[PDB]
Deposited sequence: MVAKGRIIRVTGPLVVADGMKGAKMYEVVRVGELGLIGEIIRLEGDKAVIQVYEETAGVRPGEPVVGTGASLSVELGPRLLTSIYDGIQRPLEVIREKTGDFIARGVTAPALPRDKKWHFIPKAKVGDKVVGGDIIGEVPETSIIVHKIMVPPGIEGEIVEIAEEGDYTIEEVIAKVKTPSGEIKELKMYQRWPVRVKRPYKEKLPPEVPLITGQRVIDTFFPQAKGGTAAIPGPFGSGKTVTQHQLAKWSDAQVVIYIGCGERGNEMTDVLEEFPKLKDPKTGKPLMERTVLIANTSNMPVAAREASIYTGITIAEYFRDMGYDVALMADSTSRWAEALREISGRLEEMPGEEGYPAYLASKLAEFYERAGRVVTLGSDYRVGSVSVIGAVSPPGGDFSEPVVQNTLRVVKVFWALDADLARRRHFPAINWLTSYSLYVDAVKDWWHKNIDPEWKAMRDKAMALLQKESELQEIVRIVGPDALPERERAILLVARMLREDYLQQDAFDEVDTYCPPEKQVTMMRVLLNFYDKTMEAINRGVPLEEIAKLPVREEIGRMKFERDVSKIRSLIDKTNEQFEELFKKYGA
């Protein structure tokens, strides 16, 4: 109960009823009290993490005489209408199943299986397990980044992708009302389970968490989002030790769902705060690295080949306006993706307000082959080409700030026209629209083809004396501006041929 080292069993419970729960930094339900210290040990107070009274349906998935290892799945429990809970042998336990519960209803303290280890010790297995939050749950192998976390947000999926098992940062307050991508990511990413550490601490970012989240829908199923979510609260009311520990608790819970074969998204909030008071400054930064090192897509423990994932999205909010010290410089050395939410884009109402010049993803090469093989062989070429055009536009805009626009040749005016179309018809996305709130991979590449083909044809036309003013008012342009609102991808695809012919009608009219 007490003991020396790093804590004496600072841990979490894992079994049916993690989903829909609201918790604190150390897994106590709807607001409890005070913990102290760390670096050595810690003290606690009363609350039961998972209900012992509630009865769960257990479907056995193994028989007497089955050999099992850590992570093997011995049964299933239908926990919400979205998520089947997978009952696994805890890590470090192996042997022969000598006893196993029949199908039926059971509380979580009941013994649903027994394992005889090779030395003969009999281990009793319940529907839940405990794990020290500060030790990475083990796995067979950490796979290299390969499969994108598909977000359905064009700028992210196309230009700044996150891999499943990857690490990403975004400017913080998740509760910030100036942006909604943080909410788009939670509901649309193709993770089955979300672990959310909303440490919104005061007023308008705290009671909006309670009794809206229960009404929030999971757009994929119609059912509520909380049926595939675990909330971890981090209020100003709470002790600084439980706040600190909350991310370790969240990522341990994420890892546990990963181990079942789920893709999970862990979203960690953060606030403009005074975190102050081992060779320090550098040490905390080294420990943060370790937290982010727990993200990954893995072959999980178990006898079946099984893959699961934890992807991390961390909020970042410096004390001041400037993104220099505390959290931001230290976070940006470890994360492979930064989505630079930009107050000046927001005021211009360019939405998602993601600065396409200051954001970055180091996963582009990691994920390209998944796109090429599954969606479009030209994904990476198109993406690179569109970015180069965005870079060119920005270089041109700088020059035109100095000398103005009147001296622009047709060619540069043309680059400006097409870059503007890319920004308006592709980067900008309407999270409030029934269609455009999510953009499937197949739609993203077709929209990109339409735009780049219009670019090719624009430059071909300039190259042949067609005035730009004639191209600017080509009727298909306005259809290109509305294609994000079209569900039918084949109708978007048809814009390619329509662009081609309209341009032919222009080559003709000029003898070009």
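If you line the structure up with the deposited chain, the stretches without a C-alpha atom are 1-62, 340-353.
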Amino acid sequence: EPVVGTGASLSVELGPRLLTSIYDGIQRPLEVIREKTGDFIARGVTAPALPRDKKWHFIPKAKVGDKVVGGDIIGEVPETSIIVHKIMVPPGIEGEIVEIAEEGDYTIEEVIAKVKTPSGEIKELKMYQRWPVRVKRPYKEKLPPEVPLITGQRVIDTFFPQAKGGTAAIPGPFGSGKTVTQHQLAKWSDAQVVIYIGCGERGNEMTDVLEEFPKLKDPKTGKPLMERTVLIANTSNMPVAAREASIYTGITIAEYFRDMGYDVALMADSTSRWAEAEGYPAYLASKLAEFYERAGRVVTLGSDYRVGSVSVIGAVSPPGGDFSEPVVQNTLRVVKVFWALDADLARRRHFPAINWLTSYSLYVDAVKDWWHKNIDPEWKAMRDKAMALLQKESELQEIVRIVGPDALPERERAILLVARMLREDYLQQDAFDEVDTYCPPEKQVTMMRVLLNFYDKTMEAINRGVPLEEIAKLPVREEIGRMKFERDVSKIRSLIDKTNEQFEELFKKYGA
From here on, numbers count along this sequence of modelled residues.
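Checked against the other entries of this protein, residue 278 counts as unresolved in at least one third of those spanning it.
Stretches 245-253 and 295-303 differ in mean CA B factor, with 245-253 having the higher one.
Averaged over their C-alpha atoms, the temperature factors of 59-67 and 446-454 are higher for 59-67. Of the candidates 339, 280, 426, 188, it is 280 whose Cα B-factor is highest according to the PDB record. Considering 309, 192, 229, 286 together, the PDB entry gives 286 the largest C-alpha B factor.
The deposited CA B-factor of residue 391 belongs to the lowest third of values across its chain.
For residue 376, the recorded CA temperature factor ranks within the lowest third of the chain's modelled residues. Residue 215: CA B factor lies in the highest third for its chain, per the PDB record.
Residue 43: CA B factor in the highest third of modelled residues in this chain (values from the PDB entry). When all modelled residues of the chain are sorted by CA temperature factor, residue 81 is found within the middle third.
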